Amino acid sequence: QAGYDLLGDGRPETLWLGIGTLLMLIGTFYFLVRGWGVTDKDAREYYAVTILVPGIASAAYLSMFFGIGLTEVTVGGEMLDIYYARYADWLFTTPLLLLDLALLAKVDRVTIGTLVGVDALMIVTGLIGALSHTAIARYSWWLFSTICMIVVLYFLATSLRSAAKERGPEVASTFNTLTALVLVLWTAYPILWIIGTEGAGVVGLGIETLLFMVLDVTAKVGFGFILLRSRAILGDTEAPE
């Protein structure tokens, strides 16, 4: 694979996992330090949710870097590498990102339940795809998972957007900016998966790891940066519980 075998264990992709680890750690510490000087009760909720996003990713990236939770899946002759921690990361962090958006929109607990439920299904069916031993199964689970993603994105772009709008221009502008980012960035994930080692195998494990790393840092640190510098986080929130 494209990269450099940093730890001398036959894995060129550790170059990208190592860089990922550092950027996630730096992002976590940045938000944490900025968080310390925040007193508004609403701002503090946004900081708490948002710090955990690169924080959990940091742990997953460190694990993958050291080769913890790495295994092989047989698809005929081919043995595919699967990093379990990638999926565990996404399981925890995608709901947290959706919670940030739901707090801005100030939607009800049932709406939030639906959003995070379909999101969880997206990730789980992604994992089933990655562990499947035939081509037909892998592509089928990918498609099912992609339909779940579209449902999530549709809810953001319609129901949550309309709710955010009535909270006035500050909240609405921040919501719209973040949703514009999400609609593009999240859609890149299924594309990379199907052209990479898990799908068609046009791109190898090296390039794939690199590009997931860029997506992850943008979707987590980039998202957090835009959110936490907005005045909208001072506005009233109502957590689902």
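The first residue of the sequence shown is number 1, and the count goes up from there.
J.: With reference to the PDB entry, specify whether the mean Cα temperature factor is higher for 84-92 or for 129-137.
T.: Between 84-92 and 129-137, it is 129-137.
J.: Averaging C-alpha B-factors over each stretch, which comes out higher, 36-44 or 171-179?
T.: For C-alpha atoms only, the mean B-factor is higher in 36-44.
J.: From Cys148, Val116, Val73, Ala102, can you pick the one with the highest C-alpha B factor in the entry?
T.: Of the candidates given, the C-alpha B-factor peaks at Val73.
J.: Quiz for you: based on the deposited Cα B-factor, which of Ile112, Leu97, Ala163, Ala120 is highest?
T.: The record points to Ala163.
J.: Relative to the other modelled residues in the chain, which third contains the C-alpha temperature factor of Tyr61: lowest, middle or highest?
T.: Tercile = lowest for this residue's CA B-factor.
J.: Can you work out whether the C-alpha temperature factor of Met79 puts it in the lowest, middle or highest third of the chain?
T.: It belongs to the highest third of the chain when residues are ordered by C-alpha B-factor.
J.: Divide the modelled residues of the chain into thirds by Cα B-factor and specify which third, lowest, middle or highest, holds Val202.
T.: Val202: CA B-factor falls in the highest third of its chain.
J.: Split the chain's modelled residues into thirds by Cα B-factor; is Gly3 in the lowest, middle or highest one?
T.: It belongs to the lowest third of the chain when residues are ordered by C-alpha B-factor.
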